[PDB]
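# Breakdown of the fold
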Amino acid sequence: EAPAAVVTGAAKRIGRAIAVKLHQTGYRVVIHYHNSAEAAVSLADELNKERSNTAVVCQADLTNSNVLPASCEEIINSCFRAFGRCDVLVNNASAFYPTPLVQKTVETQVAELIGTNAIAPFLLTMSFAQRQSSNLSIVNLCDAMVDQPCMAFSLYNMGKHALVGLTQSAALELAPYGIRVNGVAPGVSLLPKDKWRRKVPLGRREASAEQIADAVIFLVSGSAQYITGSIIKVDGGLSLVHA
Amino acid sequence: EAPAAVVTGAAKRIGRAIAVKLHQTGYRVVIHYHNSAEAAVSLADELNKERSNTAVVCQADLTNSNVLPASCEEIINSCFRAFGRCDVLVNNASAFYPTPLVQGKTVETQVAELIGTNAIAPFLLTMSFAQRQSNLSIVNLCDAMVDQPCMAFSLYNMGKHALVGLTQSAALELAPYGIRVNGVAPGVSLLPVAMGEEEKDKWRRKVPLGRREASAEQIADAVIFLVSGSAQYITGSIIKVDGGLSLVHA
Amino acid sequence: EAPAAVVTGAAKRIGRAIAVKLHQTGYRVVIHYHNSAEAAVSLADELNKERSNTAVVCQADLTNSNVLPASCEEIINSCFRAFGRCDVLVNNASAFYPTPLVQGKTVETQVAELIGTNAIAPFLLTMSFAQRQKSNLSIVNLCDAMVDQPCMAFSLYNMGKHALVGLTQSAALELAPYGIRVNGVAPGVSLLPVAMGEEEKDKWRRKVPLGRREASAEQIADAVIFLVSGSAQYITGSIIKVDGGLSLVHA
Amino acid sequence: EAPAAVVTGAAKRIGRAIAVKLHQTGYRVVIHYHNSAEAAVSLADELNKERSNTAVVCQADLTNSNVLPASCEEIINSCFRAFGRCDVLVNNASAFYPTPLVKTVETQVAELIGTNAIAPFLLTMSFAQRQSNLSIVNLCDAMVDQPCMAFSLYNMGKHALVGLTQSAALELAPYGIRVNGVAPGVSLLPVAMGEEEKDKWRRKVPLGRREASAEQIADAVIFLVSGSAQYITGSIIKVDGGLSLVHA
Ligand SMILES: NC(=O)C1=CN([C@@H]2O[C@H](COP(=O)(O)OP(=O)(O)OC[C@H]3O[C@@H](n4cnc5c(N)ncnc54)[C@H](OP(=O)(O)O)[C@@H]3O)[C@@H](O)[C@H]2O)C=CC1
Ligand SMILES: NC(=O)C1=CN([C@@H]2O[C@H](COP(=O)(O)OP(=O)(O)OC[C@H]3O[C@@H](n4cnc5c(N)ncnc54)[C@H](OP(=O)(O)O)[C@@H]3O)[C@@H](O)[C@H]2O)C=CC1
Ligand SMILES: NC(=O)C1=CN([C@@H]2O[C@H](COP(=O)(O)OP(=O)(O)OC[C@H]3O[C@@H](n4cnc5c(N)ncnc54)[C@H](OP(=O)(O)O)[C@@H]3O)[C@@H](O)[C@H]2O)C=CC1
Ligand SMILES: NC(=O)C1=CN([C@@H]2O[C@H](COP(=O)(O)OP(=O)(O)OC[C@H]3O[C@@H](n4cnc5c(N)ncnc54)[C@H](OP(=O)(O)O)[C@@H]3O)[C@@H](O)[C@H]2O)C=CC1
Ligand SMILES: Nc1nc2ccc(C(=O)NCCc3cccc(Br)c3)cc2s1
Ligand SMILES: Nc1nc2ccc(C(=O)NCCc3cccc(Br)c3)cc2s1
Ligand SMILES: Nc1nc2ccc(C(=O)NCCc3cccc(Br)c3)cc2s1
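Residues numbered from 1 in each chain as written, not as in the entry; some residues may be left out. Chains lettered and ligands numbered in written order. Heavy atoms only, no water. Residues with missing side-chain atoms left out of burial classes, pairs and counts.

Looking at the entry header, you'll see X-ray crystallography listed as the method and 1.80 Å as the resolution.

## Let's talk about the overall build of chain D
The criterion, for reference: By definition, any uninterrupted DSSP run of H or I lasting at least four residues is a helix, any uninterrupted run of E lasting at least two residues is a strand, and each is numbered from the N terminus. For a compact globule the rule gives 2.2 Å times the number of residues to the power 0.38, and the radius of gyration it is set against comes from C-alpha atoms.
The number of helices and strands found in chain D is seven helices and seven strands. Helices and strands appear in chain D in the N-to-C order β-α-β-α-β-α-β-α-β-α-β-α-α-β. In summary, chain D has a C-alpha radius of gyration of 17 Å against a globular reference of 18 Å for 248 residues, a match within 12%.

## Examining the overall build of chain B
For chain B, the count of helices and strands is seven helices and seven strands. Along the chain direction, N to C, the helices and strands of chain B fall in the order β-α-β-α-β-α-β-α-β-α-β-α-α-β. For 250 residues, the compact-globule estimate of 2.2 N^0.38 gives 18 Å, and the C-alpha radius of gyration of chain B, at 17 Å, lies within 12% of that figure.

## A word on the site of ligand 4
Residues and elements named next belong to chain D. Note the cut-off: Residues are labelled near a given molecule or strand when at least one of their non-hydrogen atoms is within 4 Å of it. Within 3.5 Å is the distance limit for a polar contact, defined as a pair of N or O atoms, with the added protein rule that one can donate a hydrogen and the other accept it, and that residues adjacent in sequence qualify only through two side-chain atoms. Accessible surface is estimated by sampling points in the Shrake-Rupley manner with a 1.4 Å probe; for residues, cover comes only from the protein chains shown.
Surrounding ligand 4, one finds 26 residues, the nearest of these being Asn 35, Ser 36, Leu 62, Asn 92 and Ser 187. Note that a nitrogen atom of ligand 4 is positioned 3.2 Å from one of the side-chain N or O atoms of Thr 63. Burial of ligand 4 by the protein chains amounts to 85% of its free accessible area of 890 Å². Those elements that place two or more of their residues in the shell around ligand 4 are helix 1 (13-25), strand 2 (28-33) and helix 5 (152-172).

## Structural notes on the site of ligand 7
Here is the rule: Throughout, the ten residues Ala, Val, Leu, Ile, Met, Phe, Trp, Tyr, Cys and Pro are labelled nonpolar, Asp, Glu, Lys and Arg are labelled charged, and all others, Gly among them, are labelled polar.
Around ligand 7 sit A:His242, D:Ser94, D:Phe96, D:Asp141, D:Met143, D:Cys148, D:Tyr154, D:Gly185, D:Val186, D:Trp201, D:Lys204 and D:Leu243, and that is every residue in its neighbourhood. The local environment of ligand 7 is shared, drawing residues from chains A and D. Contact distances for ligand 7 include 2.9 Å between a nitrogen atom and a side-chain N or O atom of D:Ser94. In this structure, a nitrogen atom belonging to ligand 7 sits 3.4 Å away from a side-chain N or O atom of D:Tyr154. For ligand 7, whose free accessible area comes to 530 Å², the fraction covered by protein is 81%. Partitioned by chemical class, the residues of the shell around ligand 7 number seven nonpolar, three polar and two charged.

## Some details on the UniProt feature "binding site: substrate" (unreviewed entry) in chain B
Residues and elements named next belong to chain B. Stated precisely, the cut-off is as follows: UniProt positions are given in the numbering used here, feature names are shortened, and annotations may be inferred rather than shown by experiment. Note on contacts: a residue pair is in contact if any heavy atoms of the two residues lie within 4.5 Å.
Taking the numbering used here, the UniProt-annotated feature "binding site: substrate" (unreviewed entry) corresponds to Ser 137. Structurally, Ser 137 is set in strand 5 (residues 136-141). Apart from residues no more than four positions distant in its own chain, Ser 137 is found in contact with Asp 87, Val 88, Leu 89, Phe 129, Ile 179, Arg 180, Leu 226 and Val 227.

## Observations concerning the packing of aromatic side chains
Test applied: Centre distance within 6.5 Å is the pairing criterion for rings of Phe, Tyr and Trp, where only the six-membered ring of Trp is used; planes under 30 degrees apart are then read as stacked, over 60 as edge-to-face, and the remainder as tilted. Buried, partly exposed and exposed residues are distinguished by accessible area as a fraction of the type maximum, computed with a 1.4 Å probe on protein chains only: under 20%, between the cut-offs, and over 50%, respectively. Whether a charge lies above a ring is judged from NZ of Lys or CZ of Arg, which has to be within 6 Å of the ring centre and within 35 degrees of the ring normal.
In the structure shown here, the tally under the stated rule is twelve aromatic pairs over all chains. Where C:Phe226 meets D:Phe223, the ring centres are 4.1 Å apart and the plane angle is 10°; that geometry is what we call stacked. With C:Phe226 in helix 7 (residues 217-228) and D:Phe223 in helix 7 (residues 214-225), this residue pair bridges two chains. Taken as a pair, C:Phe226 and D:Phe223 share a single burial class, namely buried. Consider the rings of D:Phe96 and D:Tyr154, whose centres lie 4.7 Å apart with planes at 85°: the pair is edge-to-face. Take D:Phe96: its relative accessible area is 48%, and that puts it in the partly exposed class. Classification of D:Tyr154 by relative accessible area gives buried; the value is 9%. An aromatic cluster is built from A:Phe96, A:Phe153 and A:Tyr156, whose rings are joined through pairwise contacts. Lying over the aromatic face of C:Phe80, C:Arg132 brings its terminal NZ or CZ to 4.0 Å of the ring centre. The residue whose ring lies beneath D:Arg130 is D:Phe80, and the NZ or CZ to ring-centre distance is 4.5 Å.

## Considering the interface of chain A and chain C
Taken together, the contact pairs 43 residues of chain A with 43 residues of chain C. Sorting elements by how many residues they give to the side of chain A that touches chain C places helix 5 (residues 154-174) of chain A first, with 15 residues. Grouping the constituent residues of the side of chain A that touches chain C by class yields 28 nonpolar, twelve polar and three charged.

Written as structure tokens, this is what we have:
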């Protein structure tokens, strides 16, 4: 029928905006959630009321664990079950908090910050490609501030750098299969705050979630059919600003 | 009225595809050319038949000299003269040829053409664009292969690297005026006219995504996106349109 | 007294070359190893025969697990127990093998080994090195010049080396106030795999612009020596490629 | 036979520290200068006092023009005439001032692009054409991706120099000439800058809250020209105390 997209952490904030905009563009969507069932279903309700049976929810914890692989397989599968196909994977879900070097157990911090930020994308990518004319692509939510990191955010920063590596390695490896792999790297978007707004060259404010979603839409579209291994910054110039 | 765009080197190939698609999107266009008089006039005819009074040509050499600033000022002025505004500048015109370090143009001319067209003219057009100032934006045609350059293309590569610096510096400085500055970086696209065919296929086979070069239209698509209302928070960004080519090791 | 360095995976190859050159420069060294027990003890013996009580060994698996923190803590502790100080940490140990996306070991074991050795262990060692400080302190991470032009089907390895770049920057930033510098050395092609045939070796050699040959272990060690030296006292968050130009060559 | 090095803008500041350290290392040096004749000669006299006939001066404007090629060939020539060889080229000379988008503009172009990029390229061509541990070191800028406001031409020139470093490394590698860069962050601050302004900059540097000494920069240069960097080409070492890692 129409194409189908998986968006991880799609309940709230940036993932919800991505899900909505993909829907508005005529995708059927899987709304993945971990904790936010109420929010996920509510979003699903709003989209199905717009177009019948075009949105489903999918629960999974994306912490790294012996079961992460099974969870990731399940997320992809639920797209194939619901819609008979899977055209787009958006790796949006992400944990974010400090992990000081001069100081949750550390290994929980690893499991969340590397697991959800990098390992789950890699596993989802594997399942997506394993289960594959069409316009197949993956979009990873990266970070424009990766080379100028927040103090005491090493594991977070490590996970986002790993996600860049995944974007590049997967683009190279899946290109022969017609699967494109790209990234979108926000700066300051939806915040945890004017201190940070004032720093942004373009308009002294944060990106809306929808601005982020815009770039995703571009990358999934037929207007990006030659684009793979690209990461588009969406940061209003913040990463250009020196100390 | 409809917004207006300048596209440098717009008579042929990628610049032509960019002028077309901007036009098809509702822009009035200035078609800058240097030598390609016929092709320039032909394209402006084609666009004007489609919507009258939406296309002009403007002739200018973009080689570095003491009069390059006046030429660049003139390109921008031509947009204001024809359309009363200038919303979009596309820095597309480019000289490209080998300049080996170890050895019929002088080196002073090679510098003038490769650094002038690829970098200095962009800078001067940017200044003139900004001084004469909705959804204002500049798009520089960069090069996805700038960190893995062709052998013996040092001056070309230097110019393209300078264009990256321009993209970042002007993005930062023009942001408070609401002008966004971004780039599109092709890998291998429309292959040179004076090139073989076993040799075109050599380059084609290296491209991971589909073992082929980009169409001009595919490059133009990325330009359209960056000027569009969908890229309003995007500045200082360079989008590679290279089908994975820059990711491939030797 | 003499400064002391920990070098991970120092029994053979590049890690041995680094331990040896640090030793010749006047450092006491901890030779970490995992499986190469014979080669590690042989090296310590050699170094001790040159100046006694200047080399120890230290065994640890650097695979990710709930005990990796303790093992990384123990590596650093081994240096303080032998030498009374720890001045330099070289994160050299590395697992390296294909993990094709389109399909030995389970995937969770591949994650544990490639991400564990290449990134998580460096992070935990960095944390232990910093916390146990209580002079010229620095950390050197062995990165990869080819991280942005990766080998086909090495996604997990590439992810781990990219994470190590992030650690290098993040830790340089966070530890600079403590006087600890953090930098990286990024080989291109160096000591080829012991497994690889000569035919394949020469294919890779011919791609190197500077001399059509791989880096010697010594050449890699040379850059590490620079970064720990007083000649690099203002250098932090820098990653020096030692690749003969390989990363500049297009496809 | 002692090796020989050309250092551009060697009269003062960083280029002076580079020439001195190369000399201390055993090199004979051509001290290139533009305006600072007295400082250049005074350096040559000091070095020649240390070791007779090991230092000469060479005056040249590195602004872009129809004669820049000739000038750069003559700089390289002076090293061969003086010392019979040229082992090392250090592209250090640089103009630096703002060029806001909103002197004539073409003079700004000629000065900022000429000294920072064109003259390096022409010197590199002349160096290689006249040709063992041969290498070139370009003085780049650690902050090129986080530029000062209204420094576009300066920034463009320094990005061009990165391109040169990479392109020339690749192309000269077959002749055994290595090409590398050193990218300072904040080093010697202007003499005239008020201490209170210097301190705003110093405060931003993670490693020690101070600017690099000229000697710290020269140390990296010494490494890259040494036998300890024999496999290193196309590399750019930041010497910035972590400055480029600091967000807005
Ligand atoms: N926001 C910004 O300004 C910035 C954004 N980014 C990137 O943008 C993306 C989206 O950002 P934003 O919307 O703010 O993200 P959030 O931090 O709000 O998290 C997004 C969603 O991720 C899910 N998630 C978190 N941890 C886990 C876990 N362990 N297992 C499963 N799901 C989990 C949650 O779903 P649930 O609620 O259902 O539990 C959560 O709502 C991220 O990838 C982020 O790194 C980059 C830089 C800055
Ligand atoms: N084609 C490709 O594969 C790739 C292209 N690019 C970049 O994309 C852009 C467009 O590519 P492409 O269409 O191939 O470009 P072309 O090589 O076809 O050149 C574009 C135009 O630049 C103009 N130009 C050349 N020299 C001068 C000069 N001295 N003064 C004024 N104009 C001049 C010419 O105009 P006229 O004919 O009127 O004289 C020419 O048609 C360029 O910036 C290029 O560097 C990036 C990498 C790959
Ligand atoms: N060789 C090259 O061409 C290149 C090297 N590099 C990097 O340079 C560094 C050194 O390279 P090289 O000497 O070839 O490295 P090797 O592949 O030879 O590995 C070095 C050591 O890592 C240790 N190691 C492996 N897995 C584990 C583990 N699970 N737990 C603990 N230790 C482990 C081994 O110790 P043991 O033998 O005791 O079990 C091994 O001797 C690495 O970080 C590498 O990625 C980068 C690019 C190219
Ligand atoms: N200082 C710092 O903090 C930083 C420095 N750098 C880079 O480090 C290098 C050395 O820095 P620094 O010592 O501060 O440099 P300066 O700004 O002090 O300039 C060095 C020399 O360049 C020469 N020069 C300037 N314009 C010309 C010209 N038209 N023709 C010929 N020579 C010219 C001058 O020679 P004369 O006096 O004889 O006329 C001058 O003494 C430069 O390339 C610079 O960009 C980069 C990052 C920051
Ligand atoms: N004005 C112009 N600029 C450029 C820039 C690049 C090219 C081109 O053909 N680039 C291909 C470079 C390349 C480099 C390595 C592998 C492969 Br296949 C292709 C062609 C042009 S035309
Ligand atoms: N622990 C280890 N890590 C690594 C990492 C890389 C290599 C290696 O041989 N890399 C070379 C890959 C490559 C990529 C492109 C051109 C060429 Br000639 C060679 C070998 C090892 S062993
Ligand atoms: N020829 C010359 N080139 C340059 C280049 C840069 C500088 C300089 O002062 N750079 C520091 C810029 C900077 C930017 C942000 C924070 C901090 Br403290 C310092 C000084 C000079 S002098």
